[PDB]
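[1] here are the coordinates; sequence isn't available:
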Ligand SMILES: *[C@@H](C)[C@H]1/C(=C/c2[nH]c(/C=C3N=C(/C=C4\NC(=O)C(CC)=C4C)C(C)=C\3CCC(=O)O)c(CCC(=O)O)c2C)NC(=O)[C@@H]1C
Ligand SMILES: *[C@H](C)[C@H]1/C(=C/c2[nH]c(/C=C3N=C(/C=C4\NC(=O)C(CC)=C4C)C(C)=C\3CCC(=O)O)c(CCC(=O)O)c2C)NC(=O)[C@@H]1C
Ligand SMILES: *[C@H](C)[C@H]1/C(=C/c2[nH]c(/C=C3N=C(/C=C4\NC(=O)C(CC)=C4C)C(C)=C\3CCC(=O)O)c(CCC(=O)O)c2C)NC(=O)[C@@H]1C
Ligand SMILES: *[C@H](C)[C@H]1/C(=C/c2[nH]c(/C=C3N=C(/C=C4\NC(=O)C(CC)=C4C)C(C)=C\3CCC(=O)O)c(CCC(=O)O)c2C)NC(=O)[C@@H]1C
Ligand SMILES: *[C@H](C)[C@H]1/C(=C/c2[nH]c(/C=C3N=C(/C=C4\NC(=O)C(CC)=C4C)C(C)=C\3CCC(=O)O)c(CCC(=O)O)c2C)NC(=O)[C@@H]1C
Ligand SMILES: *[C@H](C)[C@H]1/C(=C/c2[nH]c(/C=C3N=C(/C=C4\NC(=O)C(CC)=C4C)C(C)=C\3CCC(=O)O)c(CCC(=O)O)c2C)NC(=O)[C@@H]1C
Ligand SMILES: *[C@H](C)[C@H]1/C(=C/c2[nH]c(/C=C3N=C(/C=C4\NC(=O)C(CC)=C4C)C(C)=C\3CCC(=O)O)c(CCC(=O)O)c2C)NC(=O)[C@@H]1C
Ligand SMILES: *[C@H](C)[C@H]1/C(=C/c2[nH]c(/C=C3N=C(/C=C4\NC(=O)C(CC)=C4C)C(C)=C\3CCC(=O)O)c(CCC(=O)O)c2C)NC(=O)[C@@H]1C
Ligand SMILES: CCC1=C(C)/C(=C/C2=NC(=C\c3[nH]c(/C=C4\NC(=O)C(C)=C4CC)c(C)c3CCC(=O)O)/C(CCC(=O)O)=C2C)NC1=O
Ligand SMILES: [Cl-]
């Protein structure tokens, strides 16, 4: 019903362990973990003995812990479901304490507990904190409290009680930046679960290494990677103006954007629209929110160049609202702020490091074609549509230059195909038919040029079928089936091909027309997947469409194409779409009356 | 685009002036606008109750979502689901004011299925909770005194239809 | 359809010489892992339906991806998911036996992401199903052949993710 | 996602306390963690030398460094070196995590499309990464080299 | 496809008139170049394989494109190149005898750049080879008919480019 | 190119910064001429008191050569 | 045009134009002078050919929408006759009936049924126009033009 | 390779490989040591099988473009003989004629007819290299190489 922006694989972080946080920090700094991060990992793995045995004893005595766990409530007055949820919550809290102990971080507790004050009905919060305190007392009662890790269990229970005592924490807000931009809200649990992103702020009195760290993060934001090791980052005047008391991080972002390094990376190999999307990534930390934002950017580039677009992005209200003056732009993804569903696919394909690997501009295609009806496309995306030439299964690769526009067609949806029957005439399409073009030999050759769009070598000749048809033992339909069951046909159209692409190209060669919808394509794919290649060839030759169109004594021929096929078959444009205006009069040349 | 601007844009794209059918439809929308504003007011006064109680009713009828396998188990995911409920209620109220689903088209259905398939969010509990929200706003509108509950029926049904699958 | 032998021949043939000593060591490695690859493929052939039953049992059932409005609802869709899982098992086996995943790359992973995004098939869910299949084969085969076939199962997941 | 995250994810998905087999898997991770960390440190102090030796033994004096090859045109050579450093450091990240999730989320997704769009040979990349596995094996020891070659082999799996 | 008479007729029909005087002398130019166009087509048809032989011998042979790692290594790739050259020369004959480049538009240059970039067929070397074919056919048909067929060969080269 | 040395303090009135979103507001910044109009308008839109605007680079009354 | 039929005949079986196709080609490229003269004559006397065809057509079969008193319908009929004999000139120049087919006689039947004009009335008018083309042209030129007029007659 | 033929035969019928196919696989991976030995021997004596092949191929049929006085053509003939014995070694290692066919013997005829070298003289030279491969290899190895040399003789 509507075109798809892509559903990429996302892994939302529910919490942080100790190793995940350290690796997140080292990764977000683009470096090997250093000696203190090394000491983090090694010290936590050293305490792992005590942590695992704490979790062992707590899981072993969980039944008695939650059995032991203000005005005590009545079972009958509270309700059976509410009593069940009280016991479930209590066992759940103990489980998450053991989870935190093994993970070495209270991030799971703090994320999953801090905003629970009113989720639990808040008239039983005194009962809740008394029960949690009694669980703390009992867990320490059978875990000896002199100087052991019972201090650790006390601290983790205290952190759980402290998180639960925190009242209503305000949801974070990604406010709409324009009339076309929707505002979004964001729970603080989702904010605290999200991966910590370093906020590189450059102040004039920072030490040199901290400044160089901020410069390196600026390179990683803008140029997508660290270029400082290379001699291409020779920008000694911008760096030097940036380091001391002047030329702040915003001016430096602009200087990085207008540099020819940025043009070589993200403007020279791209058309304007893809370049605009990448600039949105590199200067605001987010993709295009809406079509109208892209209209503003595209018109601005059209009359003033791309450097003015960089100037407008870093001079925008949103830039000063998020990154201010001396904060490096950072990527605003899943847990950093609230995400919109509008650009979910394009923006998650843009935040990925393989965003320059795509040339076709993902945002504008999705945003425009959502406000348009369904496109003329094979039901399993446009990569399944081969190139309408005489021969050769030429499909768009999913990896090499991904130009993918996924679209959901219904099962009953049918493709519009441009037939050659209504077009042209008769005795114009009966020159490409080759029934029984009366010589047998010509019919063998034309059956080849249908089955393999060009004449084949002698090793690819199916000479036994030639002798059979010259003797009248088999008819044209059986010969075409034998050619389509030859080994070289399998190599040409079945082995080195995606299976539904293989089925579609065999359908185009054996039927002379693309498939219509998921009925046909689903049936062929199911046949060739549960039964195989020769079964699909037999089912396509014995298909009722083959019998109605090509019968038994007629070589298959192309009958229908995609409209893209005719657009390829008219590079000068179509014949007569509206009467031309040869020798016209325009104002200005007329006004000089 | 509300009903007015959508109908005007359609006639602009075909080049016609306003015929009497458009004048009748515009006057009908302008008459229903008092009820639409009343429902928007009740919604703005009871939105947290409506969205949260719909989430609670959904988790009672679909029990698995708060169970450990479900994609609303922890309170992080629970709060995310309730915030989604508030999202649906707010944009359905926007569409109720406008009388048109363009707001839903560009700001609710613009990739919701892609997000819910990326995160593993189940589609059908989401539309079941949307229907619980619709029945809730229907019943407190009927108690408030609005006989015509037809207007408040449409945005939740549109979100459900565009989000749900084909059986 | 390229295999470890044919990849070795093609890298030697693009440079224009005979296969060298390190390539011959890689060839010996394939020639001596062939027996366990054949035994693993025979076991997979015997127990493929049991694998797919177990795989869907531990990963795709009793989540609301299976209930009404799921992608596994509307029984033809369940049969479609089972048929796809069979295809991943068979093609991971084909890649395992031949030594290289060229069959995966050319028959499955080229356009399956576009197809699954077009149908609305949840890609993370089918990645989870592939690694559940990987764990099932790990459980009923052992480590060595298990990690050898889980290599190409993880290749399938990489082509999906 | 490290090994602790994947283990607690399984346990919380089935809704129980950490089971004895799960605790045993955590035990293997936690008491192999010291050799993992040591390997991480010496992989950090000797990453440049490893990349040098691996380019020397796998990617040099083949016709991909020659004219018309993929490691002609010195900036492409520097990009090749940086890709090798990324692979080394992210295999290190996975080694410290105990899980290949950082690989699946930051390297292997995005890599095949990038390499096929740029025209980078996948086979030369995998032979370079396996040379990396051998070099880290030789300079580390069999156990640490195997534990990091598991993640190097995961990277080669995604290619 | 279209020819010179057809495209003149279609432009005049789009204007809604008969063949005007300018299209008339254009049609006279066609109707007096016809005999030499037919003789040039006959001479090309007599020596198509020899033209492809000289073309490949002067443009593609003794380069890295034919050695190992080149596009014309692995003999069936050489045959595919030779058959593409047969197509280029035959369709250039079609466009020369027709008097319009329309047949090259609907049967050669449509999707051909996309096809060659998909296969890794180098397009600049193909342009070099088609212009070598232009020199070969210019050699023994003469300048004039050679210039006429080289016009359509240059159109082929522009379409590849 | 001619530069403006601008000191201004731009306050936030629409958002509460939690602990990290707080950056600074009192910035002294070299501003290019071709953007200073838009920066003045932007920091007037957000509500900043502009206390110091001087011409860091270039002279006054330049008919040419100012960039 | 017959050149296009020769090329599509040389094409679609993957072969260079045979000597016989070149023989028909030289015959056509030498008859081109006569074709040009026929087309010039037809363009010269188109107006009176249409008027005399309308004269015989309204005399013989007067129960048509053209002579129902409305001047716009008969203006359309006049222009249609002129367009058809112009297509006859086009097919004369092109040496084959393909211009006639692709411009006026492929979807002719459903065209006139949408315009509600009876088919046999158009066939009668085309018989009249064929007779006018006979009366103003020499015998060879009459045969050349009458072949395409018969092509229209079959098409209705 | 034999493995690729077993996988593609298991494919196209949508079924896992049979016990017979995997049995052939075990036999082949056992024979791989002998096949590596044959490949090493061919790679060791490539120079001298090419030299002696040229010797007797010029002693039998001198009416070839090879010995026509151009030493570049002799170099090309030597290189072609070396490439084809290398392809035979590839078929030995692969165990199927797939490297011999796909690189060498699909477009033999179009390539060598475009090159103007007559086909059957190359057939004679390949017989010459077959006799040398007899002369230098042990009997089982000679038969294994002979299978692909006879495939080459079929190809031309
Ligand atoms: C109850 C509703 C179901 C449920 C919800 C759930 N959703 C998410 C995460 C997100 N939800 C959205 C939604 C929107 N963004 C928009 O712009 C719009 C229109 C205004 C909508 C509806 C988004 C983008 C996300 C991503 C996170 C974010 O906040 O930006 C989650 C959390 C996912 C996770 O595991 O991290 C949940 C739990 N879950 C259920 O089980 C119910 C069926
Ligand atoms: C004019 C000849 C035809 C025409 C044009 C038309 N285009 C748009 C909209 C866009 N055009 C583009 C184009 C480009 N992006 C690039 O990067 C490049 C630079 C080389 C080009 C040429 C884009 C991205 C858009 C969208 C942004 C924008 O609208 O400016 C429209 C408007 C479409 C709409 O729905 O608003 C139009 C009308 N239309 C015709 O009918 C002419 C034949
Ligand atoms: C009862 C008549 C028989 C029976 C039932 C049984 N079924 C399952 C498990 C499942 N059954 C379904 C059913 C459907 N999905 C659909 O789309 C349709 C049509 C709308 C149907 C009927 C599904 C999806 C499952 C999977 C479990 C789930 O929901 O996650 C079981 C359990 C088997 C197990 O181990 O999971 C059983 C027992 N058993 C009998 O004896 C009867 C013959
Ligand atoms: C199952 C584990 C998951 C799942 C699957 C699912 N898939 C489909 C439909 C299709 N799957 C394919 C896949 C392929 N095409 C190929 O050529 C190959 C073999 C190499 C594969 C794997 C295709 C083409 C289809 C479309 C078939 C059709 O047109 O009917 C469905 C059904 C889609 C529908 O709406 O009917 C399903 C359910 N879904 C899950 O939830 C699992 C995680
Ligand atoms: C000579 C002035 C100095 C010197 C040279 C030296 N070079 C190498 C090895 C290589 N040199 C290159 C160079 C390039 N490849 C390119 O694509 C470009 C752009 C045109 C350049 C400059 C490469 C890639 C290699 C590796 C070999 C290969 O091609 O695969 C060596 C050998 C180093 C080694 O360890 O073997 C040497 C010695 N040595 C000096 O002392 C001079 C200062
Ligand atoms: C080197 C051993 C092999 C090789 C490498 C090569 N890579 C590129 C270009 C890029 N590589 C990447 C990959 C990444 N960037 C990252 O940040 C990550 C880690 C998270 C990865 C995996 C990217 C994005 C690029 C694009 C441009 C860039 O240089 O960053 C090149 C240059 C390709 C070109 O034509 O520009 C090369 C040469 N190539 C080989 O042949 C070796 C096998
Ligand atoms: C020869 C001068 C150059 C060259 C050629 C080459 N081509 C192929 C493969 C194909 N060529 C085509 C071409 C066409 N299909 C059509 O319908 C038409 C007219 C529109 C043409 C010209 C196709 C489709 C293929 C693929 C299928 C087939 O081979 O029949 C190859 C083989 C490459 C491969 O990997 O298959 C080659 C080598 N190579 C050169 O170096 C020359 C510059
Ligand atoms: C020698 C046994 C016979 C012979 C040889 C001969 N060959 C050439 C020229 C070439 N031979 C080839 C061959 C191949 N290209 C490939 O890709 C393959 C690999 C499977 C082969 C075998 C080619 C392409 C050429 C052209 C040069 C080049 O490689 O670029 C010649 C010279 C022809 C000339 O003058 O151009 C000769 C003499 N001649 C005989 O008489 C022997 C029977
Ligand atoms: C830290 C682990 C964790 C916990 C314990 C948690 C709390 C939680 N309990 C919840 C709710 C309740 N807990 C309780 C009960 C308690 N929770 C307690 O810990 C104690 C001692 C009490 C008071 C008796 C009740 C009555 C509810 C009502 C649920 C409803 O409104 O329908 C919920 C809502 C989802 C659900 O119904 O399952 C959440 C999100 N969510 C988490 O992530
Ligand atoms: Cl701690």
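    Nice, thanks for sending it over. Residues are numbered from 1 along each chain as shown, chains lettered A, B, ... in the order given. Ligands and ions are numbered 1, 2, ... in the order given.

[2] Could you give the secondary structure assignment for the residue of chain F found nearest chain C?
    Nearest to chain C, among the residues of chain F, is residue F:20, at 29.7 Å (Cβ to the nearest Cβ). Placement of C-beta: from N, CA and C, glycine included. For residue F:20, the secondary-structure state derived from DSSP: H, G, I helix; E, B strand; the rest coil is coil.

[3] Give me the phi and psi for residue A:327.
    The phi/psi pair for residue A:327 (degrees, to the nearest 10) reads phi -110, psi 130.

[4] give me the number of residues near the residue of chain G found nearest ligand 8?
    In chain G, the residue that lies nearest ligand 8 is residue G:14 (24.9 Å; Cβ to the nearest ligand atom). Look at residue G:14: counted by other Cβ atoms under 10 Å in any protein chain shown, it has 17 neighbours.

[5] which ones are touching it?
    Listed by Cβ atoms under 8 Å, 6 or more residues apart in numbering or on different chains, the contact set of residue G:14 reads A:445, A:449, A:454-455, E:90.

[6] re the thing from before, pretty sure the residue of chain F closest to chain C sits against residue A:199.
    Yes: between residue F:20 and residue A:199 there is a contact under Cβ atoms under 8 Å: 5.2 Å.

[7] what about the two, which has more around it?
    Higher neighbour count among residue F:20 and residue A:199: residue A:199, with 15 against 12, using other Cβ under 10 Å.

[8] thinking that one is in contact with residue A:332, fair?
    No: contact between residue A:199 and residue A:332 fails when scored by Cβ under 8 Å: they sit 11.9 Å apart.

[9] show me the contacts for residue B:63.
    Here residue B:63 is in contact with no residues (criterion: Cβ under 8 Å, 6+ apart).

[10] distance of it from ligand 4?
    Per Cβ to the nearest ligand atom, to the nearest Å, residue B:63 is found 21 Å from ligand 4.

[11] Get me the contact residues on chain G for ligand 1.
    Applying the criterion Cβ under 6 Å from any ligand atom, no portion of chain G neighbours ligand 1.

[12] Hmm, I typed the wrong one, I wanted chain B.
    Counting by Cβ under 6 Å from any ligand atom, chain B comes close to ligand 1 at B:65, B:70-72, B:77, B:80-81, B:84-85, B:87, B:91, B:107-108, B:112, B:115, B:119, B:121-122, B:125-126, B:129.

[13] Now narrow those residues to whatever sits close to chain C.
    Checking those against chain C by Cβ under 8 Å from any Cβ of the partner chain, the ones in range are B:65, B:70-71, B:122, B:125.

[14] all strands for the chain, in order.
    Using chain A here. Ranges of strands in chain A, per DSSP state E, are A:172-174, A:184-186, A:418-419, A:560-561.

[15] You answered for a different chain; I wanted chain F.
    For chain F, applying DSSP E gives strands covering F:3-9, F:26-32, F:49-55.

[16] What lies in contact with the last one?
    I take that to be strand F:49-55. Counting by Cβ under 8 Å, 6+ apart, F:2-9, F:28, F:40, F:43-44 sit against strand F:49-55.

[17] For chain C, which residue gets nearest to chain E?
    Taking Cβ to the nearest Cβ as the measure, the point where chain C comes nearest chain E is residue C:16, at 3.4 Å.

[18] which helix in chain G runs the most residues?
    Once chain G is assigned using DSSP state H, the helix that runs over the most residues is helix G:19-44.

[19] and if you look at chain B?
    Looking only at chain B and at elements set by DSSP H, the helix with the highest residue count is helix B:20-61.

[20] Tell me if it is near ligand 9.
    Yes: remark: helix B:20-61 sits within contact range of ligand 9 at B:56, B:59, by Cβ under 6 Å from any ligand atom.

[21] After that helix, which helix or strand is next?
    Next in sequence after helix B:20-61, counting helices and strands by DSSP states H and E, comes helix B:75-98.

[22] other SSEs contacting that following helix?
    Contact here means 3 or more Cβ pairs under 8 Å, 6 or more residues apart in numbering or on different chains; DSSP states H and E; on that basis helix B:75-98 packs against helix A:107-113, strand A:184-186, helix A:188-193, helix B:20-61, helix B:102-107, helix B:123-144, helix B:154-163.
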